[PDB]
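Residue numbers (our numbering), protein chains in the order written: chain V, 297 to 725; chain P, 127 to 565; chain A, 2 to 58. Just so it is clear, CB atoms sit at the ideal spot from N, CA and C, and this is done for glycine as well. Scroll down for the structure; my scribbles are underneath it.
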Amino acid sequence: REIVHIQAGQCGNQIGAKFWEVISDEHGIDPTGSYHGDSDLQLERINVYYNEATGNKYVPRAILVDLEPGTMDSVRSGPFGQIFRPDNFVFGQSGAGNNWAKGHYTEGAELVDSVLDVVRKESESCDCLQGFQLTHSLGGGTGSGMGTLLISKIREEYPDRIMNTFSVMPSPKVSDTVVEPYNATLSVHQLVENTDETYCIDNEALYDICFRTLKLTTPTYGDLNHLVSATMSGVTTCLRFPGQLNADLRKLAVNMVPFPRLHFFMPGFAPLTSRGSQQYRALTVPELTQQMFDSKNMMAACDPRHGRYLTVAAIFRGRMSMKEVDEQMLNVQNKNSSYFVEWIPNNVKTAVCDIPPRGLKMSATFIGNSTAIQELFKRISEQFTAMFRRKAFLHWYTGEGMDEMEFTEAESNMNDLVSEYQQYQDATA
Amino acid sequence: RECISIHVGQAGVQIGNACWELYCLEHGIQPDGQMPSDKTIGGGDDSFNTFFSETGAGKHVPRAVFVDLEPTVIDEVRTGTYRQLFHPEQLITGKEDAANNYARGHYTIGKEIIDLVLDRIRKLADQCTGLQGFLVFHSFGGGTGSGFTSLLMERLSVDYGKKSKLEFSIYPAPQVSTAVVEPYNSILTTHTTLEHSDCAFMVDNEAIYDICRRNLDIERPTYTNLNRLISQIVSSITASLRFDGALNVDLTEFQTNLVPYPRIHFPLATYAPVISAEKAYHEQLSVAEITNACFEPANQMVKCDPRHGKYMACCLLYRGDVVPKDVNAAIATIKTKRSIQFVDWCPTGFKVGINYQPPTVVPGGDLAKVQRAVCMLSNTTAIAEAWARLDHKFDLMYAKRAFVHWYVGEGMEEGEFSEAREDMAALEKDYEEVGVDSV
Amino acid sequence: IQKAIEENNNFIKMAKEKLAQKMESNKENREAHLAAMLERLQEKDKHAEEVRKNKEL
Ligand SMILES: */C1=C\C(=O)C/C(C)=C\C=C\C(=O)O[C@H]([C@H](O)NC(=O)/C=C\C=C\C)C/C(C)=C/[C@@H]2COC[C@H](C1)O2
Ligand SMILES: Nc1nc2c(ncn2[C@@H]2O[C@H](COP(=O)(O)OP(=O)(O)OP(=O)(O)O)[C@@H](O)[C@H]2O)c(=O)[nH]1
Ligand SMILES: Nc1nc2c(ncn2[C@@H]2O[C@H](COP(=O)(O)OP(=O)(O)OP(=O)(O)O)[C@@H](O)[C@H]2O)c(=O)[nH]1
Ligand SMILES: [Ca+2]
Ligand SMILES: [Mg+2]
Ligand SMILES: [Mg+2]
C-alpha cells in the first residue's frame with residue numbers, strides 16, 4: 297500500500313528533504329539507502345514510502361519539482377541527497393517570481409507533463425497505490441501554483457486515490473513578500489476543491505513556537521523546518537509502523553473528514569518546552585496530554601478553545617503505559633467536554649507507537665479538525681482584502697492572462713469555507 | 127451434519143484463529159492437523175467431523191473460510207503456528223480494504239472478490255454429506271465485517287436457500303474501536319442481514335473488555351485477551367455440535383426455544399466462571415456458584431439489564447463435571463432469589479444441556495483451567511438496549527449528515543440510511559411488543 | 002409441501018433480484034459521482050486554455 301510523495305518549490309523541497317532525513321533515520325535507512333537498524337518494526341511497512349531496489353537498497357518514492365534549479369541542487373548536496381532517484385528530479389530554468397499565475401497557468405503548465413510522466417512511472421510499479429502526499433508552500437509561485445496544478449492533474453488520472461498535502465501557510469513574521477496573501481488565497485481555492493486532507497503548517501505558529509517557547513531570538517528556516525519535520529514524522533507514524541488506527545490515508549480521512557470541504561487539519565506536537573524549563577517539568581504522559589491540547593503546541597496559529605473539534609487523532613510515541621494513556625485521554629476529554637461537538641460521538645481516537653522520535657523518550661502528535669482553523673483563513677482573508685480592494689499588484693497576474701473574477705471567486709470560496717466552519721461550530725444536538 | 131465457518135475481516139479472522147486453536151486443543155488435534163486418537167483415516171462420522179474434514183494422509187482440516195479485503199491479518203494465519211491446518215485456498219485476501227466504510231465492503235471492493243469467496247465455500251459444501259449450515263464471524267464496525275458480510279449473507283441466501291446461517295457479531299466499544307463511523311456500519315449491516323440470519327450472538331467488546339479488566343485483572347486488555355475469552359464462549363455454544371453424550375442437547379434444539387419470531391433472534395450469552403489462576407487455586411467453583419454467576423449482569427456478553435426486561439427463554443449449556451441433580455438444585459435456589467420475569471405467553475422452565483468434556487485453556491492464557499463451566503443463552507427484551515445505544519449514536523451523526531459523503535461517494539444513497547434506521551426502529555418496537563402482556 | 006417449495010423459491014428469487022437492483026443502482030451512482038468529478042476537472046483544463054489564450058492577446 298504505497299504512497300507517492302511529491303515536493304514542489306523551495307519550501308516544499310526544503311521541508312520534504314528534512315521529512316526524508318527524519319523518517320530514514322527512524323527506519324534505519326542510511327544516506328546510501330542501506331538498512332542498518334536493530335528492530336523489525338522498522339522494515340514491516342517500509343514499502344509504504346520506499347521502493348526496494350537491487351542491492352537491498354531502499355529508495356524514497358519521491359518526486360522533486362521546481363521551476364528553478366537552485367533548491368534541487370541543494371537537495372542533491374544535502375544529507376540524504378544521494379538517496380533520491382536521479383530521474384525523479386524535474387526542474388525548469390525560469391523561476392516563478394513568487395507568482396502563482398506563473399506556476400499554475402504559464403511556466404508551471406509547460407513543465408507539469410514531464411512531472412506527470414514520473415508520477416506515472418512510480419504509480420505503475422505500485423502493488424496497490426493508496427495515494428499521494430504533496431509538500432509545498434502556499435505563499436510563493438511554484439509550490440503554490442504549480443503544486444495545486446499538479447494536484448488537479450493527478451486527481452484527473454487517479455480520481456479514486458487519496459490526495460494529501462502538507463501546506464505551509466504564509467506569515468509576515470517570516471516573509472515580507474507582499475503578494476503571499478494572493479498566492480495563498482488562490483491556492484486554498486484549489487485545496488478546498490481537490491484535496492482529501494491538508495495539514496495546515498502555519499509559519500506564524502512555527503515562528504511563535506521557536507521564538508516564544510524555545511527562546512530562539514532569530515528563528516531560521518532551519519529552526520522552523522526542524523519542527524515541521526518532527527510534526528510530519530508524528531502525523532505519518534500510523535502509516536509507516538504496524539498499528540490499528542488510521543493505518544492508511546483513506547481510513548484517516550474517513551475518521552477525520554465529516555464534510556468533504558472541511559479537511560484542513562491543525563497539527564500539534566508535544567513536548568515543546570525550553571531546555572531551561574525542562575530542569576523543572578518532568579516528561580510524562582499527563583504532561584504530553586495537557587500540552588498536545590494547548591494552543592501553544594499547535595502548528596497552525598489558532599486557539600482551539602475559540603471553536604470546537606469535529607474530530608481528533610492523538611498519537612503517542614515511546615514506551616509508556618497504555619492504561620495511563622487511556623486514563624489521561626479520558627481525563628483531557630472530560631475536562632474539555634464543551635469543545636468536542638456532541639453530534640459526533642467518540643470523535644477522539646488514540647494510537648500508541650513504540651518507537652519514539654530521535655532524542656526523546658516519548659512524544660505525542662495531535663491532528664485536530666477544529667472549527668477554530670477559521671482563524672488562519674480569516675487572517676489570510678484580511679491581508680488579501682487589504683490589497684485586492686486597491687487592486688495592488690494585480691498586473692502581475694492579469695499579465696499571465698488571469699482576470700479579476702478568478703480572484704473574487706477564490707476570496708468568496710475561502711469566505712464560504714469560514715462560514716461553513718462557523719455553522720458546524722454553532723450547530724447543536 | 128457439517129457446519130461451515132466463515133470468518134470475515136480483521137475481527138472475524140482473529141476470533142477465528144483463537145477459536146480453531148482452542149478447538150484443536152479440545153479435540154487433541156496437533157498444529158499439523160494430525161489427530162492420533164482418531165482411528166478412522168480420511169473420514170468418518172464422529173461428532174468432531176461436523177467442524178473438521180479429513181484427508182487420507184490423516185489431516186483434520188477446519189471446515190472454514192477466512193476472508194479479508196486486505197492481506198495482513200490473514201498473512202499471519204498463513205505464516206503462523208496453525209498454517210498447516212488450512213489449505214491455502216481457504217484463506218482469501220484482496221489487496222485494499224474497505225476503509226471502515228460499509229459501502230466499500232458491500233459494493234466497491236467487495237464485489238471484486240465475492241464470486242471467488244462463494245466459489246471457495248462451494249468447494250467446502252461439496253465435501254459435506256448433510257450440511258446443516260453456516261457460522262459467520264465478523265465485526266459490526268469495520269467496512270469488511272459490516273458490508274462484505276452483508277453481501278455474503280445475501281448471496282448465501284440465494285445459493286443455499288434456507289440453509290441455516292448463524293452469526294457471531296462484534297458490537298463496538300470506544301475503548302477498542304478504530305472508526306467514528308462504526309454506528310453507521312453497524313445499523314447498515316444489521317438491517318441488511320436481518321432477514322438472512324436465523325440466529326445472531328452479539329458480543330459487546332465493552333462487556334468483554336470489562337470482564338477481562340475486572341475478573342482477570344488485566345490492566346489494558348488487548349484483542350488477544352478479548353479473543354481468548356470470546357473463544358471460550360463460542361466453544362461453549364458449538365460444543366453441542368462437536369461432542370457427543372446422552373445429556374448433550376444440540377444447538378438447533380436450543381434455537382427452537384430461543385427464536386419465537388424470525389426477527390427476535392439475538393440471544394444474550396453469559397459465561398462463567400471467568401477467573402484467574404491465582405484466584406482459582408485452592409478454590410472449587412461448584413455448579414451452584416457458576417449458575418448463580420450467569421445471572422450476574424457483569425458476566426454477560428452484551429451490556430444491558432435483564433432485570434428490567436422479560437425473558438422469552440433461558441437455556442443453560444454446561445460443560446465438564448456437572449450432573450443434573452446439582453443443576454436442578456441450583457436452578458431451584460436461583461428461582462427463589464432472582465429477578466426472572468417471563469412474558470406471559472412463554473413456558474418458564476430452563477432448558478439444560480450438559481457436555482461432559484471438560485473445558486480447556488490455551489497455554490499462556492489468562493483463564494484458570496476449571497472442572498466445570500456454563501454458558502447461559504437467554505432471549506430477553508433487554509438486549510434491545512444495545513440497539514438503542516447504537517441507534518442514538520447513528521441519529522446524532524445522521525441528523526447533520528456527518529461522514530455520509532464517504533458512503534454516497536461509493537454509490538450509496540441517503541434512502542439506504544433512513545431505510546436501515548427505520549428497520550432498526552421497527553426492531554426496537556418489536557422488542558417492546560413481545561414483552562407486553564396478552565389481553 | 003408445494004407451498005413450502007414455493008415460498009423457498011420465492012425468497013431466493015426476491016433476494017437475487019433485490020441484490021441485482023442494489024448493485025446496479027450502486028454502480029450507476031458511483032460512476033456518476035466519478036463522471037461529475039472528471040467534468041469539473043475538464044472545465045478547469047478548458048479555463049487554463051482560455052487563460053493562456055487571453056495572455057497571447
Ligand atoms: C532535531 C534536533 C536538532 O537539530 C536540535 C537538537 C540537537 C535538539 C532539539 C530538540 C528539540 O527541539 O526538542 C523539543 C522540545 O524542546 N523538547 C522537550 O520539550 C523535551 C522535554 C520536555 C519536558 C517537559 C522537542 C522536539 C521538537 C524534538 C524533535 C523531534 O524530532 C526529532 C527532532 C530532532 O527533535
Ligand atoms: N517553513 C518554511 N517556509 C518556507 C521555507 N522556504 C520558504 N518558505 C515560505 O514559503 C513561501 C515562499 O514560497 P517558496 O516555497 O519559497 O516559493 P516557490 O514555491 O519556490 O515558488 P517561486 O520561488 O515563486 O518559483 C513564504 O511564505 C516563505 O516563508 C522553508 O524552508 N520553510
Ligand atoms: N473482539 C475483537 N474486536 C475486534 C478485533 N479486531 C477488530 N475488532 C473490532 O472490530 C471493529 C473494527 O472492524 P475490523 O474487523 O477491524 O475491520 P474489517 O472487517 O477488517 O473492515 P475494514 O478494515 O474496514 O476493511 C472495531 O469495533 C474493533 O474493536 C479482534 O480481534 N477482536
Ligand atoms: Ca476419522
Ligand atoms: Mg522563496
Ligand atoms: Mg480490515
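- Scanning the stretch 253–312 of chain P for uninterrupted alpha helix (DSSP H) segments of 4 residues or longer gives 275–286, listed from N- to C-terminal end.
- For residue 29 of chain A, the nearest CB of chain P lies under 9 Å from its own CB, placing it at the interface with that chain.
- Cβ contact annotation for residue 443 of chain P (same chain, cutoff 6 Å, sequence separation greater than five): 362, 479 and 501, in chain order.
- Only residues of its own chain outside the window of five on either side were considered, and among them 396, 435 and 440 have a CB closer than 6 Å to the CB of residue 479 of chain V, listed in chain order.
- By the rule that beta-carbons nearer than 9 Å mark a contact, residue 316 of chain P does not touch chain V.
- What residue 640 of chain V touches in chain P, judged by beta-carbon distance under 9 Å, is 306, 522, 523, 526, 528 and 529, going in chain order.
- Under the DSSP definition of a beta bridge, residue 498 of chain V partners with V/465.
- Within chain A, the residues whose beta carbon sits less than 8 Å from that of residue 405 of chain V are 49 and 53, listed in sequence order.
- The three-state secondary structure of residue 613 of chain V, taken from DSSP, is strand.
- By the Cβ rule, the stretch 539–549 of chain P counts as touching the stretch 304–321 of chain P, because three or more pairs are nearer than 8 Å.
- At a cut-off of 8 Å, the beta-carbon of residue 274 of chain P counts as near ligand 3: some heavy atom of the ligand is closer than that.
- Of the heavy atoms belonging to ligand 6, at least one sits nearer than 8 Å to the Cβ of residue 196 of chain P.
- The residue from P/182, P/167 and P/187 with its alpha-carbon nearest to that of residue 176 of chain P is P/187.
- The C-beta of residue 32 of chain A comes no closer than 9 Å to any C-beta of chain V.
- If you draw a 10 Å sphere on the C-beta of residue 465 of chain P, you find fewer than 16 other C-beta atoms in it, and that means exposed.
- At the C-beta level, residue 304 of chain V and residue 344 of chain V stay beyond 9 Å of one another.
- Within chain A, the residues whose beta carbon sits less than 9 Å from that of residue 698 of chain V are 52, 55 and 56, listed in sequence order.
- A distance of 9 Å or more separates the beta carbons of residue 494 of chain V and residue 542 of chain V.
- If you look at residue 219 of chain P, you'll find it in the beta strand (DSSP E) that goes 217–219.
- Cβ proximity to chain A below 9 Å picks out 229, 232, 233, 234 and 237 from the stretch 225–250 of chain P.
- Note on residue 534 of chain V: 16 or more other CB atoms within 10 angstroms of its CB, so buried under the neighbour-count rule.
- Relative to ligand 5, the nearest heavy atom lies less than 8 Å away from the CB of residue 306 of chain V.
- For residue 140 of chain P, the CB stays at least 8 Å from every heavy atom of ligand 6.
- Between residue 680 of chain V and residue 481 of chain V the beta-carbon gap is near 5 Å, inside 8 Å, which marks them as a contact.
- Counting of Cβ neighbours within 10 angstroms places residue 39 of chain A among the exposed residues, the total staying below 16.
- Under the 10 Å beta carbon count, residue 243 of chain P is surrounded by 16 or more other beta carbons and is classified as buried.
- At a threshold of 8 Å, residue 266 of chain P counts as near ligand 3, since its beta carbon sits closer than that to one of the ligand's heavy atoms.
- In the DSSP assignment, residue 301 of chain V is bridged to V/358 and V/429.
- 280, 281, 283, 284, 287 and 288: these are the residues of the stretch 280–304 of chain P whose beta carbon lies less than 8 Å from some beta carbon of chain A, given in chain order.
- Taking a Cβ-Cβ threshold of 9 Å, the residues of chain P close to residue 550 of chain V are 225, 226, 227, 269, 305, 306, 307, 529 and 532, in chain order.
- For residue 242 of chain P, the secondary structure class from DSSP, reduced to helix, strand or coil, is helix.
- Note on residue 382 of chain P: under 16 other CB atoms within 10 angstroms of its CB, so exposed under the neighbour-count rule.
- By the Cβ neighbour-count rule, residue 523 of chain P is buried, with 16 or more other Cβ atoms within 10 Å of its own.
- Only residues of its own chain outside the window of five on either side were considered, and among them 487 have a CB closer than 6 Å to the CB of residue 493 of chain P, listed in chain order.
- Between ligand 5 and the CB of residue 394 of chain V, the shortest heavy atom gap is smaller than 8 Å.
- Taken in chain order, the members of the stretch 443–464 of chain V whose beta-carbon sits within less than 7 Å of a beta-carbon on chain A are 448, 451, 452 and 455.
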